[PDB]
Every structure is written in C-alpha cells, then in structure tokens.
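Chains as they are written, first to last, in the deposited numbering: chain S, 316 to 352; chain B, 263 to 352; chain A, 280 to 329; chain P, 280 to 329.
To start, the structure itself, in structure tokens.
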Amino acid sequence: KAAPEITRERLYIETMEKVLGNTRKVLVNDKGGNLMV
Amino acid sequence: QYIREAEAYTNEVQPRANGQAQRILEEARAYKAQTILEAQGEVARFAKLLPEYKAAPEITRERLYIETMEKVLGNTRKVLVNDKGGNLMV
Amino acid sequence: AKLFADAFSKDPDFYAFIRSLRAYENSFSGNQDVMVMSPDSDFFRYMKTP
Amino acid sequence: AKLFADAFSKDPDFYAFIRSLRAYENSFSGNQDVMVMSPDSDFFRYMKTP
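Here's what the structure looks like:
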C-alpha cells in the first residue's frame with residue numbers, strides 16, 4: 316500500500332525471469348503460419 | 263482303477279465349492295460395510311465445510327480454484343501457442 | 280445413495296464445484312497428456328504488461 | 280479456511296496477483312514447454328530500436 320506500481324513491476328519482472336529460465340522457447344513472427352509437434 | 267479314481271475326484275471336488283462360496287459371500291459383506299462407512303465420512307466432511315463458505319463466498323473460491331489448477335498443470339506437458347492457427351496434421 | 284441425497288441438498292452449486300475439482304486432480308494424474316492453451320486465456324491473465 | 284478468509288479479505292486483487300505469480304513458478308518447473316511469442320508482444324518491448 317505504500318507504493319503500488321514499483322513493487323508490482325519488480326515482482327512481475329522477477330517471477331517471469333525465473334519462469335522463462337526453464338522452458339524452451341522459439342520466437343517467431345505470428346502474422347500467419349502453422350505447425351505440428 | 264480309473265472308475266474309482268474318478269469317484270475320488272467326485273467326492274473331493276465338491277466341498278471346496280462350499281469353501282469358495284463362503285469366501286465370496288463374506289467378501290461381499292466386507293464391501294458393503296466399507297462403502298457405507300466411507301459415505302458417512304464424506305457427508306460429515308462436507309457438512310463441516312459448508313458454513314464457513316456461506317461466511318465469505320468470493321475469496322473462499324479463488325484460492326480453491328488456483329490450488330487445483332496448480333496440480334492440474336503440474337503433471338501435463340504443455341505447448342503454449344497463439345491462436346488464429348490453421349491446421350495440425352501430425 | 281440415500282445418505283448422499285440427504286446430504287448434498289443444501290447448496291447444489293457448491294457440491295457441483297467441489298467433487299469436480301477432485302475429479303480433475305485424480306484424472307490428470309498420469310504424465311501421459313498434452314495441452315495447448317492460448318496466452319490470451321483467463322488463467323494466465325497476470326502475464327501481460329503490468 | 281475461516282482463518283484464511285478473515286486474513287485475506289483485506290485486498291482481493293493483490294492476493295490474486297501474488298498467488299498466481301507464485302503458482303507460475305511451481306507449474307513450469309523443469310519440463311519441456313515450447314512457447315511461441317512475438318518481439319511485438321508485451322514483455323519484450325525493450326528489444327525495439329531505441
């Protein structure tokens with residue numbers, strides 16, 4: 316309650332940094348296309 | 263000799279039928295008792311849980327929702343993909 | 280059946296919600312599965328900018 | 280349950296936020312999970328040119 320936005324932003328960044336350090340990623344433009352496992 | 267050994271078989275096989283029959287009956291009785299007792303347990307637990315939910319409805323829920331979804335996403339492989347997709351012929 | 284019927288007829292909706300979540304828990308136990316969400320779904324709401 | 284309710288009824292939104300952000304850490308915990316994204320999505324907005 317002291318300062319909402321800054322703590323909220325920091326928490327977001329930290330937790331997503333932890334989560335994206337375990338899952339494989341492929342980064343592609345999603346303007347059109349399709350694929351299968 | 264064959265006739266009398268067959269007679270021995272005839273006189274010996276039948277009692278074990280009574281044996282197994284009594285066993286299957288008694289197992290059915292055990293099933294009955296266990297089922298009714300489990301029913302009592304579940305009804306009692308729900309009876310205890312309900313009033314505190316009728317205290318505070320909205321936050322009793324989302325906690326339960328998240329707590330079940332944690333495990334349901336715990337043990338399944340997942341592939342997060344954006345929508346507007348066309349086809350998937352593996 | 281008699282006991283359960285006398286039991287749950289105090290709030291149909293709540294008994295509907297519960298006993299369904301435990302169904303999902305006990306059903307998805309095995310690791311054999313695969314599941315394709317979309318990032319714009321609801322459970323992943325808090326993954327956008329703020 | 281009632282202790283949880285009386286405690287957390289102070290601010291719903293913040294509780295939902297933090298609880299989801301802690302559920303995420305435990306969900307995707309060392310498992311192959313491919314994720315397709317754009318450099319035009321929300322989180323990578325500082326990969327642009329300035």
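Cβ coordinates follow ideal geometry from the N, Cα and C atoms, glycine included.
Hey, which unbroken runs of the alpha helix (DSSP H) at 4 residues or more fall wholly within the stretch 317-341 of chain B?
319-334
In whole angstroms, give me the CA-to-CA distance for A/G309 and B/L299.
29 Å
Reducing DSSP to helix, strand and coil, say where S/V352 ends up.
coil
Exposure label - S/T330; buried when at least 16 CB within 10 Å
buried
In terms of alpha-carbon separation, which member of B/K333, B/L342, B/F308 and B/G347 lies closest to A/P291?
B/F308
What residue from P/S288, P/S299 and P/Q311 has the CA that sits closest to S/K340's CA?
The option with the nearest alpha carbon to S/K340 is P/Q311.
Could you please give me the residues that DSSP links to P/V313 through a beta bridge?
In the DSSP output, where bridge partners are listed per residue, P/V313 has none listed.
Within 9 Å, strictly: CB atoms of A/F307 and B/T338
yes
Do P/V313 and S/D345 count as a contact pair if the criterion is CB distance below 9 Å?
no
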